[PDB]
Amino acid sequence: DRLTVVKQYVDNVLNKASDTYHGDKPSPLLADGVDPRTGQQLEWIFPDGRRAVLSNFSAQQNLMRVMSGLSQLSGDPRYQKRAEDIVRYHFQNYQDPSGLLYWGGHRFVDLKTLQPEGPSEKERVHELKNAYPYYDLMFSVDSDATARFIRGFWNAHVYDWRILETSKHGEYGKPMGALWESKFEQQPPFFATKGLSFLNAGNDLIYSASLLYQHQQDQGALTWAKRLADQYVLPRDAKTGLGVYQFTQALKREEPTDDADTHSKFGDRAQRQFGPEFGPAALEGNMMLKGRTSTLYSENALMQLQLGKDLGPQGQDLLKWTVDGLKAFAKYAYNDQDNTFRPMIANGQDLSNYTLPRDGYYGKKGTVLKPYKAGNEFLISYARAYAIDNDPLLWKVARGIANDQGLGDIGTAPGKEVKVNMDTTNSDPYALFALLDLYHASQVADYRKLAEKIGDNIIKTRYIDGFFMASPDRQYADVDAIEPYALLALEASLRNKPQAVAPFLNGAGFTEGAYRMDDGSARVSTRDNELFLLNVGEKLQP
C-alpha cells in the first residue's frame, strides 16, 4: 500500500537521519544521507580530517514537500509539524542579518556541532542552482523571514540592477540596496559582464521572486521576476528560436595563454573553443549541450509553465515564451528515430559527432559530442507543454521518450490508439510524474494505470532497508529522494486531491567543495552528488 510505504519511509528518515549528537535535547535537523544498512550518516571530511555530518537544508526541499503531502493525505499532522519545526530552526539559527540562509552549494550545517560550515574555502558564499526551495511551507511558518531571504537573495546576486547583471553566487552580510526600486535600462543580447548569468541560478531567482509576489502581493518582486525571465528570451536566435543558457558573456579581463585554463576572466569560453571554426555565434548562452538543455528545457520550463498558469492573463507571455522554446528544441534537436537530442549551437548548427579540436570548457581535444538520449525529465516538460498547447510536435517528443523508456505507445494522440506496456519494468519516478501529467490533461485511464505499475516497480525495486535507493548497491540513501514524492502524487491523483501535494518542479540540492582523501590530500570540487553515486566498496577517484 503506497501511502503506508511512504509513511514508513518518512518514519525511518525521522529515526535514522535525526540529530543523535545532543543527548535527549536534539535539534530538529536531518542528515542528507544515511546508509540504510547501518544508519551511518553521510559525512564531509575537512582538510584536518574533522568529519561533519552533512545537513544542507537546500538538499531537503523534496523531503519537505513529501512530509507536507504525507500529512495532507494521511491526516497525521506530525510530518507537517516536523517540517515546520525544521524551517523555524533555520530562521532562528541559520539566517544571517542580510536574510541569506547557511545552505546551498557552498554552505551547510554540521549536525554534530550544529555550526554552519563552508567546504569551499575560496567560496564561502550563497549559491542556489535549480534548487526550487519549498517557499510555500516557509511562508506559512514565518512570512517575514521568508521574505527577508528572498529579498536578500536578489540583493546579493544582482550585481548591477541597471542592466540586470546577475550571478550564480552572492556574499553574506550585505546591506540592502535599492532592490525593486532600482532603475532599469534594457541592454542588447549577450552584453559583457563579470557576473555569470547561468539559468540554473536564474531559475531560482525567478521562482523565489514569483513566490514573494504570490504570498505578499509584492508587485516589485513580480516586475523583476518577469523581467529576468525576459532576459533569457530576448537573446534567443531570431531564426531558430533556440536558447539561451545565459544572457550575458564573460567580460574579457586578460588575454588567454592556455586552452585548458577556462577561467571566465579570459572571455566567453565557447568563443574560445568554438569561435575559430564557428564564428561569433559561438557563445556560452548559445551552447545547447547536454545538461544545459535540461536546465533550459526541463527545470526552467516546469517552473515557468506553472508560474504562467498561476498569473492568469498576465502570464500568457510567459506561457508563450516557454512553449515556443520547447517547440524550437523539438524542431531542431529531437531525432525521433532513436529518441536523442542533437548537441547544437542556438543558431541551428548541428554538432552531432563533432570532434573538439582543442582543449576548453566543453571538453578535452579529441572529445566527441554525441547525440544524447532524451530522459524522462523531458517527458514531463513535453507532457505539460502539450497540456497547454495540443501541438502534435510536442506529442511526438513525449511519445518517442515513452517508447524508448519501455512504457509502450502512449498513442498517436492522447487516447488514440494507446498501447502502453502494462508489464513495464520502469521504476523511474520521473516517468511516474509524467504519466500523471498525461493522465490529468487527457483523462485517459491507461496513463494512470501505467503510473500505478511504475509506482509498484518503485516499491518493489527501490524501497530497500527502509529507504529509497537508485540501486541496491548504493552506499548511501538520499533523504531528498523523489521516489516517495512520485508515490504521493499518484495517491493524491487516485484520491481526487491533487492539490494535497506540491507541484513537482524537479528541484534538488547539492554541496561542493574540497574533500579530504585518505592519504590526506585535498580532492577539489567534490560534490555530495558523487558521494551518492558510490556503491559499497567504492571510493572517490582523483
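All residue numbers are counted from 1 along the displayed sequence.
- Set 312-320 against 165-173 and average the Cα temperature factors; 312-320 ends up higher.
- Stretches 138-146 and 458-466 differ in mean C-alpha B factor, with the higher average recorded for 458-466.
- For the set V233, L351, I410, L326, the maximum C-alpha B-factor listed in the entry falls on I410.
- Ranking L179, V87, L393, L436 by the C-alpha B-factor listed in the PDB entry places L393 at the top.
- The PDB entry assigns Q186 a C-alpha temperature factor belonging to the middle third of its chain's modelled residues.
- Ranked within its chain, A508 lands in the lowest third, by CA B factor from the PDB record.
- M517 sits in the highest third of its chain by CA B factor, as recorded in the PDB entry.
- In the PDB entry, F266 places in the highest third of its chain by CA B-factor.
- In the deposited entry, the Cα temperature factor of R65 sits in the bottom third of values across the chain's modelled residues.
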